[PDB]
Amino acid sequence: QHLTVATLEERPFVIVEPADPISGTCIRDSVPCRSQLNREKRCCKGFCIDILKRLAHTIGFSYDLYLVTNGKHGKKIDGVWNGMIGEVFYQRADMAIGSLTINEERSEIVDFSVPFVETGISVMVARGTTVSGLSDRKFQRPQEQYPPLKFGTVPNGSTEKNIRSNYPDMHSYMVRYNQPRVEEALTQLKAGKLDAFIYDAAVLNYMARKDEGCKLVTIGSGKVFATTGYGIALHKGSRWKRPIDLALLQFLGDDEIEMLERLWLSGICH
């Protein structure tokens, strides 16, 4: 009846802010979240946090929410998982929720809920920049061009895993252009230091919709990469999967998720 929940900041799905200075509490639509390093203070809000609030209410559990510091979403290195996936896999958390992408590798070792956000991989470029998309040889045969195209991703997640598995030559080229967070990637794109940023589609599309001046645009990967979704990670064989799935499927049909997309993921640019 009390669940430990791991999450990770990735705006606008999970947004972290200090407690209200005046009250010392998390006000508005925010909820208390602590750091993995530790153990109000910090407070979390956003699309995934609203999902979590509704699940807790509908299913009837209480929870302790914490932010992962041991890596990010989840990466397996030399036999060991880090990030949100590792927290669930090693049973430090009963579930993990955030912008967490379902893939085959992860699905082998944790159970996921049904997907509640559609995503995949997209490419973001400055509106001026002329490429056709991820099929462009500027991407696919990157060192065939005299001044080479500069393109990168934020490493360690499902995006990099997909590129390394399916397009190993392109992946090897991208390594020098790894970015530490989406915020720095966007900054490099705008400074011309990158020509393109390849990343999670749900996040990139949102960033395009919110770009001041609407100067950043995304191209869908088309057939280059498959579509997938965000899912809540749970212990393999978790008793929580079924009630969570039922709730999520209910939210979908009630237009509750659609409402939350409007609330959190809308922007001015189109």
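Whichever C-alpha set is largest while still superposing within 1.5 Å between the two forms counts as the rigid core. Start at 1 with the first residue shown and count on from there.
Between 213-221 and 229-237, the larger mean CA deviation from the shown form in 4 other deposited structures of this protein, after core superposition, belongs to 213-221. Compared with the other entries of this protein, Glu40 is frequently left unbuilt, missing from a third or more of those that build its neighbours.
The gap between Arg239 and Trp240 holds no unmodelled residues of the deposited sequence. The stretch with the higher mean CA B factor, choosing between 143-151 and 96-104, is 143-151. The PDB entry records a higher mean C-alpha B factor for 54-62 than for its counterpart among 54-62 and 197-205. Out of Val88, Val175, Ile109, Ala126, the entry records its largest CA B-factor for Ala126. As recorded in the PDB entry, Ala191 shows the highest C-alpha B-factor of the residues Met84, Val117, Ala185, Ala191. The PDB entry assigns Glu10 a C-alpha temperature factor belonging to the lowest third of its chain's modelled residues. Among the modelled residues of its chain, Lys223 has a C-alpha B-factor that falls in the highest third, as given in the PDB entry. Per-chain ranking of the deposited C-alpha B factor places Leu252 in the highest third. In the deposited entry, the Cα temperature factor of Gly231 places it in the lowest third of its chain's modelled residues. Looking at the C-alpha B-factors along this chain, the one for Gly71 belongs to the middle third.
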